[PDB]
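> Here it is, the structure in full.
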Amino acid sequence: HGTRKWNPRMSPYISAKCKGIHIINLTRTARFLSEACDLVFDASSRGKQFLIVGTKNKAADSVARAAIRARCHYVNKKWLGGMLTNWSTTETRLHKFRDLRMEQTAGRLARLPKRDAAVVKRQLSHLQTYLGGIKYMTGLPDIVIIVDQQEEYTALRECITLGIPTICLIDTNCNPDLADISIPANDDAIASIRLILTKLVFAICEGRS
Amino acid sequence: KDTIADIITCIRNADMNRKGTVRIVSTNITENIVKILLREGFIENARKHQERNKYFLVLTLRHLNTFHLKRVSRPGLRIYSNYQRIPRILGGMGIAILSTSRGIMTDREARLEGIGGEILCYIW
Amino acid sequence: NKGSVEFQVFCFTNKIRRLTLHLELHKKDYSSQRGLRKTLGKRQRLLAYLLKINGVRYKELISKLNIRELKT
Amino acid sequence: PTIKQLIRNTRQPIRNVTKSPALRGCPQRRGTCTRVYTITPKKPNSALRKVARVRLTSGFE
RNA sequence: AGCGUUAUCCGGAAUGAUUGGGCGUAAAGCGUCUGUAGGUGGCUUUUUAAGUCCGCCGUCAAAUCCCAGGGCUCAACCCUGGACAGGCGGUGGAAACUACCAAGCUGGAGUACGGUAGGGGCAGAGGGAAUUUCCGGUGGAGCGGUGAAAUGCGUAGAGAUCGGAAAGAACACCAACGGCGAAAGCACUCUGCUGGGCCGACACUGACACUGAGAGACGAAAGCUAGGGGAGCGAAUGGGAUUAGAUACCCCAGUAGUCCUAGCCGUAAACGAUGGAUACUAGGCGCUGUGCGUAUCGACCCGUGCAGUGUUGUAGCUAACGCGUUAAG
Ligand SMILES: [Mg+2]
Ligand SMILES: [Mg+2]
Ligand SMILES: [Mg+2]
Ligand SMILES: [Mg+2]
Ligand SMILES: [Mg+2]
Ligand SMILES: [Mg+2]
Ligand SMILES: [Mg+2]
Ligand SMILES: [Mg+2]
Ligand SMILES: [Mg+2]
Ligand SMILES: [Mg+2]
Ligand SMILES: [Mg+2]
Ligand SMILES: [Mg+2]
Ligand SMILES: [Mg+2]
Ligand SMILES: [Mg+2]
Ligand SMILES: [Mg+2]
Ligand SMILES: [Mg+2]
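Quick look at the structure:
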């Protein structure tokens, strides 16, 4: 990214550089794009469930639309801790959240006072903000994708704790030892995001058969 | 000061930082030491060059184990050994580089040769 | 000029002699006294090297420069 | 430390702290009693414990 | 057919840590530096074979210990045979390493040069304000001090206010995320003599190195011995207050000392609470000194090398705090 921001970790995966800005290497990643799409295409044929972790404001809706093409899951807003590790509490909130959508169908809102209906309204509205793309998970995924390492530092660690392979943000900001699969060059713009995101989401489609 | 005391450390520090190259100094003694690590499978490759009349060597390390090292015979305290007290590091997983009258060899090669010498550094 | 052993002793012999006459007046210049003992020590280790390599040059150098020989 | 310092005999053992100098190493020793009495022990405990002031034959009171 | 107590030695005890510990804060780095003996010591080719390794000979009695065998009805025990390991001496070989001997190199160190920053040190001259005292002019009642008050100074004219003589000591602003020095320390200005460091390179030296027991030198303030000086501030000692008390904190006066030149004393939280030298080990910020190149080639700026100096921080270490290329790796 810059002379004051380059991590010495990526030194094997750097080719050249310029006036201030940094130049990433497109050769080594191309092998990993093949290894990634080969592993994702092979995994999707067995019927696994995947997850994507994207909360950056520039790619908040792109990751949302990215999950509709396949039967995977997305995380549009923050991680709020213990999503996968404290799964017992997550099932309680999802079993809770799943029920409240059936609660709204009944005519019990009439017999509740004004303020009480507002709390139930703001209660369900708060869970929708963080538990949107998980309503049809019913279990733990097998592979989890990370769109941003810096902003979602917590999500990358629960995968390492639970022992789940993952994809990361191997551009010069972060540490490459955290994920086995390595795909740099995604902090440039949506062009670097959609070019990679659509490519990997594409491979899931044919793997699904 | 002791050159070989520095040789064992430049290879040790490279593994702690987990690097491939070493750029180790070249001498009559080190070229024999490095030659043993090639055949024994501790290093992938070695290579020589120069910048001045002096010379150097470039090693190629392997990519939860650790490349343990240890020096034994120091300038302040030299250590020798006879044939019957040749060590056996970890039942054979390690080796000892020792200097005999017929140059330097591995302890196993000394067990067959029948001649002890000056142990300089253990490996495991 | 050259950098031979006997030449370094000649320059120190003048550098030392130049400071003795200075300390006769400025005897309280203790910082220079710390530098005086360096050149007195540097020549001591050079002449110590000249001795065991060749004694002929030692006896000839000390004779012309009027240098005190060390015991032992 | 440096081996040259070891040759100076920097290290020595610690001498014995034997808890019966009066016996002079023997297991028992005879002595005449001089004054029998009692004494109050340390603060937490409380009793009148019996003792005897003895003159041993080894030259110790 | 003994069991317990006591005493003595070893072990446990890595609790004197060769094997096998530690010295930032838990006990532990001399206040610092120079250097004698001593210890260790760069690279390359030869010499010798002292150390070291191998093969033989002699010897380290027997008993005991170890292995085997045998004999007391078994065992203890007795007997036969044979050790290994290790030590000394001799003898014939191997020559890497330590060492020795004869020649070579330059990377470590040093010299000669050419540049360069700085409160390095010593000595001698120059400068202003401020304060104090005295001299007078002006003028007339308070001044000064405190949490409140008083002592005290003052109509014998204080304080204040202009003018003037003199003295002593210390150097605002510049001034810091700063420089130099081995430390202790060095800041108003110059000048003289003088030390050390950094870098450049194409003169040269050829390991002439590191550390350092004893020893020696320097070494904040305080204090001492003579001779001077003494404005201000200030142990002690007085006085006025606060207090049950106040040999204190507060206030008013104030001696030694604080200063200079000779010398003694040689102690500090003399701290980075961290000994010195050397090699290796991710980075980020910016401060000097000196080069290189780009550049506006007027410097600047930008980009890099070297030697330093500070702040975050990865691996790793650490009981933890924290250290972290200036390590506590
Ligand atoms: Mg050597
Ligand atoms: Mg012990
Ligand atoms: Mg030890
Ligand atoms: Mg201890
Ligand atoms: Mg303490
Ligand atoms: Mg302590
Ligand atoms: Mg020294
Ligand atoms: Mg015997
Ligand atoms: Mg030889
Ligand atoms: Mg001493
Ligand atoms: Mg004083
Ligand atoms: Mg002291
Ligand atoms: Mg100090
Ligand atoms: Mg101390
Ligand atoms: Mg110190
Ligand atoms: Mg740090």
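These protein sequences, in sequence, are chains BB, BH, BO and BL.
PDB author numbering applies: residue 22 is where the first sequence begins, and numbers increase by one.
Residues 3 to 65, 74 to 134 in PDB author numbering are what the second sequence lists, from first letter to last.
PDB author numbering applies: residue 18 is where the third sequence begins, and numbers increase by one.
PDB author numbering applies: residue 2 is where the fourth sequence begins, and numbers increase by one.
Backbone N, C-alpha and C define an ideal beta-carbon position, used for all residues, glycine too.
#1: Please report how far the alpha carbon of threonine 32 of chain BH lies from the alpha carbon of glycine 113 of chain BH, in whole angstroms.
#2: Quick one: what does DSSP say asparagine 47 of chain BH is sitting in, helix, strand or coil?
#3: Tell me whether residue 67 of chain BH sits in a helix, a strand or coil according to DSSP, three-state version.
#4: Measure the alpha-carbon distance for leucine 24 of chain BL versus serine 59 of chain BL and round it to whole angstroms.
#5: Which of helix, strand or coil does DSSP assign to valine 140 of chain BB?
#6: Identify the continuous alpha helix (DSSP H) that holds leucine 57 of chain BO and give its terminal residues.
#7: The beta strand (DSSP E) that contains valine 61 of chain BB, what's its start and end?
#8: Got a sec? Which residues, its chain only, sit under 7 Å from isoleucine 96 of chain BH by beta carbon, not counting five neighbours each side?
#9: Quick one: using the 10 Å Cβ neighbour count with 16 as the cut-off for buried, is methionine 31 of chain BB buried or exposed?
#10: Relative to the alpha-carbon of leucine 72 of chain BB, which residue among BB:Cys180, BB:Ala206, BB:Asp198 has its alpha-carbon at the smallest distance?
#11: Out of BL:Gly32, BL:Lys51, BL:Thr35, point me to the one whose CA is closest to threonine 41 of chain BL's CA.
#12: Tell me whether the beta-carbon of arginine 74 of chain BO lies closer than 7 Å to the beta-carbon of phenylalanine 29 of chain BO.
#13: Quick test of your reading: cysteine 34 of chain BL and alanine 53 of chain BL, contact by CB under 8 Å. State the CB separation rounded to the nearest angstrom.
#14: Please specify which runs of the beta strand (DSSP E), each continuous and at least 3 residues long, are wholly inside the region 113-172 of chain BB, giving them in chain order.
#15: I need the straight-line Cα distance from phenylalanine 44 of chain BH to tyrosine 132 of chain BH, nearest angstrom please.
#16: What residue from BB:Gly68, BB:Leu199, BB:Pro29 has the CA that sits closest to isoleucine 166 of chain BB's CA?
#17: Distance, Cα to Cα, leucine 218 of chain BB vs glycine 228 of chain BB?
#18: Under the three-state reduction of DSSP, which class applies to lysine 32 of chain BO: helix, strand or coil?
#19: If you follow the alpha helix (DSSP H) that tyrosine 174 of chain BB is in, where does it begin and where does it stop?
#20: Can you list, in chain order, the stretches of the beta strand (DSSP E) that have 3 or more residues and sit fully within the region 66-96 of chain BB?
#21: Using the Cα positions of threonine 110 of chain BH and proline 14 of chain BL, report the straight-line distance between them to the nearest angstrom.
#22: Relative to the C-alpha of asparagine 75 of chain BH, which candidate in BH:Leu130, BH:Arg20, BH:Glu123 has its C-alpha closest?
#23: Closest to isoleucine 105 of chain BH by CA distance: which of BH:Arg81, BH:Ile89, BH:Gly124, BH:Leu87 is it?
#24: On the DSSP bridge list, what partners appear for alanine 106 of chain BH?
#25: Tell me, please, which residues DSSP counts as bridged to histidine 43 of chain BB.
#26: Report the three-state DSSP secondary structure of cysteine 195 of chain BB (helix, strand or coil).
#27: Do you know offhand how far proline 2 of chain BL's Cα is from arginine 16 of chain BL's?
#28: Going by DSSP, what residues sit across from residue 1 of chain BL in a beta bridge?
#29: In terms of residue numbering, what span does the beta strand (DSSP E) encompassing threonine 62 of chain BH cover?
#30: State buried or exposed for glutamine 125 of chain BB, treating a residue as buried only when at least 16 other CB atoms are found within 10 Å of its CB.
#31: Is the distance from the Cβ of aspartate 192 of chain BB to the Cβ of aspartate 208 of chain BB below 7 Å?
#32: Quick check on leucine 40 of chain BH: buried or exposed, where buried means 16 or more other Cβ atoms within 10 Å of its Cβ?
#33: Would you report the Cα separation of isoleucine 155 of chain BB and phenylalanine 118 of chain BB, rounded to the nearest angstrom?
#34: Measuring only the C-alpha atoms, how far is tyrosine 34 of chain BB from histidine 43 of chain BB?
#35: CA-CA distance, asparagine 107 of chain BB and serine 28 of chain BH?
So, from the data block:
#1: 12 Å
#2: Strand.
#3: In the structure shown, chain BH runs from 65 directly to 74, leaving residue 67 of chain BH without coordinates.
#4: 7 Å
#5: helix
#6: 47-70
#7: Run containing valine 61 of chain BB: none in the beta strand (DSSP E); it sits in the alpha helix (DSSP H), 48-65.
#8: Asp117, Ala120, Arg121, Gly126
#9: buried
#10: BB:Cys180
#11: BL:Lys51
#12: Not closer than 7 Å, so no.
#13: 5 Å
#14: 164-167
#15: 13 Å
#16: BB:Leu199
#17: 16 Å
#18: helix
#19: 174-183
#20: Taking only runs of at least 3 residues, the beta strand (DSSP E) segments lying wholly in the region 66-96 of chain BB are 71-74, 94-96.
#21: 40 Å
#22: BH:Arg20
#23: It is BH:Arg81.
#24: BH:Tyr132
#25: BB:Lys38
#26: coil
#27: 23 Å
#28: An answer regarding residue 1 of chain BL cannot be provided, because it is not within the stretch 2 to 62 covered by chain BL.
#29: 58-62
#30: exposed
#31: yes
#32: With fewer than 16 other Cβ atoms within 10 Å, it is exposed.
#33: Spanning the two alpha carbons is a distance of roughly 11 Å.
#34: 12 Å
#35: Distance between the alpha carbons of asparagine 107 of chain BB and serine 28 of chain BH is about 57 Å.
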